[PDB]
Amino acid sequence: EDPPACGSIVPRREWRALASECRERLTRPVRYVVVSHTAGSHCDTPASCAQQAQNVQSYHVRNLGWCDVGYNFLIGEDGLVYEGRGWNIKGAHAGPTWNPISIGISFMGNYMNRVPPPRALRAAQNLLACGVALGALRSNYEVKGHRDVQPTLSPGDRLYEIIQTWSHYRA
């Protein structure tokens, strides 16, 4: 009983993100977590992965005109978590039905035929424990694959396969 209790997360500024313009808030404790993949290339060093989070955000902000990067968090192959819209802000990653009730975490890369390395999976699962510890997620939150709530291949066959084994997975 040490209050914070969880997660090292690379913050927005540390990855030089553009300021967010999003104001819509999620209502904690959140019950659903939606796992996607960027379906782009991977990265496996702090500097590349930080560079890739900037790209993704650029796509969503510069091209799509969104208020900030879609995801609440992004997972690098560097084994670090990148802060997106975070725990309190409604993300734009699952559709109008799941966005206001979920936390979207996206693995940077394409896992159709490839798996995230062990450290990326640990960072993702540690992030979720962190979420529960903070009361950001319900203790009995449910994890969905992106393809379970939207017509997409996301998070990729290999990763989809993995999250299906998870404690909190519920299709």
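For the two forms, the rigid core is made up of the largest set of C-alpha atoms that agree within 1.5 Å on superposition. The numbering used is simple: start at 1 and walk along the sequence shown.
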Should one compare 5-13 and 144-152 by root mean square Cα distance from the shown form in 9 other deposited structures of this protein, core superposed, the larger belongs to 5-13
For the stretches 11-19 and 145-153, which has the higher mean C-alpha B-factor as given in the deposited record?
-> 11-19
Segment of higher mean CA temperature factor, 57-65 or 101-109 | 57-65
Reading the B-factor column of the entry, which of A129, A123, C43, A136 has the highest value at its C-alpha atom?
-> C43
Within this chain, which third does the Cα B-factor at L26 fall in: lowest, middle or highest?
-> middle
Looking at the C-alpha B-factor of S36, is it in the lowest, middle or highest third of its chain?
-> lowest
